[PDB]
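Quick one: structure below, then a few questions.
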Amino acid sequence: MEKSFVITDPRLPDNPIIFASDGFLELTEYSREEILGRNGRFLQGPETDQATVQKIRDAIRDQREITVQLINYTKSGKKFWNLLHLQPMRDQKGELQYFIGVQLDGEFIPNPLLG
Ligand SMILES: Cc1cc2nc3c(=O)[nH]c(=O)nc-3n(C[C@H](O)[C@H](O)[C@H](O)COP(=O)(O)O)c2cc1C
Ligand SMILES: [Cl-]
Ligand SMILES: [Co+2]
Ligand SMILES: [Mg+2]
């Protein structure tokens, strides 16, 4: 599939998605109109590890890059493992401008060696 990514605007409330790639639409099964303006946490669900969610929270707060692997769900409820790479993007004035999150679908590291 084409690269799956979203870009969020941390200068707006709760870091909404302002761009979703065609690959993200394909991976998640959502349409662009179901995505724009919401927070990326919508892909989470019952099996998502909250310890991993906390790590993401801290990285966003600290404006630090992180990679985690966590369970996400398609629109039709199919579970997938998401190796999510989150990167802050700063402008030439040194100011945070965006986050980008790139999703790779797969259980890259076996679950027994995550937990
Ligand atoms: C650019 C960007 C992309 C994100 N992509 C995803 C994603 O693909 N899947 C996911 O579960 N969370 C994703 N998140 C994480 C959630 O948006 C959120 O930051 C996380 O769940 C921690 O915050 P919370 O505890 O308030 O939900 C993304 C965050 C950002 C900033
Ligand atoms: Cl966020
Ligand atoms: Co591909
Ligand atoms: Mg939550």
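Position 1 is the first residue of the sequence, and the numbers go up from there. Below, all heavy atoms of this structure are taken into account, side chains as well, without hydrogens, waters or symmetry copies. One-based numbering, in listed order, for ligands and for the atoms of each.
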For residues 46-54, please give each side-chain donor-acceptor pair under 3.5 Å, one per line with the distance, not counting sequence neighbours.
{"from": "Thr48", "atom 1": "OG1", "to": "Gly45", "atom 2": "N", "distance (Å)": "3.0"}
{"from": "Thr48", "atom 1": "OG1", "to": "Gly45", "atom 2": "O", "distance (Å)": "3.1"}
{"from": "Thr48", "atom 1": "OG1", "to": "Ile71", "atom 2": "O", "distance (Å)": "2.8"}
{"from": "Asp49", "atom 1": "OD1", "to": "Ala51", "atom 2": "N", "distance (Å)": "2.9"}

Open item on the list: I'd like to know if the side chain of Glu29 reaches the main chain of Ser76, judged simply by a donor and an acceptor atom lying under 3.5 Å from each other, with no hydrogens or angles considered.
Closed with: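 Yes.
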TODO: Report yes or no: does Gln69 contribute a side-chain atom to a donor-acceptor pair with the main-chain N or O of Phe108 at less than 3.5 Å?
DONE: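 Yes: the side chain of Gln69 pairs with the backbone of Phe108.
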Open item on the list: More than 12 heavy atoms of other residues, nucleotides or ligands under 6.0 Å from OH of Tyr98: yes or no?
Closed with: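 It does not: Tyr98 OH has 12 such atoms or fewer within range.
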TODO: Could you name the protein residues that come within less than 4.0 Å of ligand 1, counting only heavy atoms, and order them by chain and residue number?
DONE: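 Contacts of ligand 1 under 4.0 Å: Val6, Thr8, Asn15, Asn39, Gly40, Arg41, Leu43, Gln44, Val53, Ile56, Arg57, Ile60, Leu70, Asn72, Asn82, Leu84, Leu86, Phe99, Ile100, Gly101, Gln103.
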- [ ] Less than 2.8 Å from the Co ion (ligand 3) is the window; count the protein N, O or S atoms in it.
- [x]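 My tally for this metal is 2.
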Task: Side-chain donor or acceptor of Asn82 paired with backbone N/O of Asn72 under 3.5 Å - done: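 No; judged by distance alone, with no hydrogens or angles, the pair does not exist.
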Task: Flag, side chain of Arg38 to backbone of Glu34, donor-acceptor distance under 3.5 Å - done: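 Confirmed, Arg38 side chain pairs with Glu34 backbone.
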Open item on the list: Within the supplied structure, the quantity of interest is the number of heavy atoms (other residues, nucleotides, ligands) at a distance under 6.0 Å from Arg11 CZ; does it exceed 12?
Closed with: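 Atom CZ in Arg11 is packed in, count exceeds 12.
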Open item on the list: Measuring from atom CD1 of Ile56 to atom OG1 of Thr67, what distance do you get when rounded to the nearest 0.5 angstrom?
Closed with: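 Interatomic distance, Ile56 CD1 to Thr67 OG1, rounded to 0.5 Å: 10.5 Å.
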Task: Sequence-distant partners of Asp9, salt bridge (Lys or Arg N to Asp or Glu O under 4.0 Å), two or more places apart - done: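 Counting only residues at least two positions away or on another chain, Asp9 forms no salt bridge (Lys or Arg N to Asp or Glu O under 4.0 Å).
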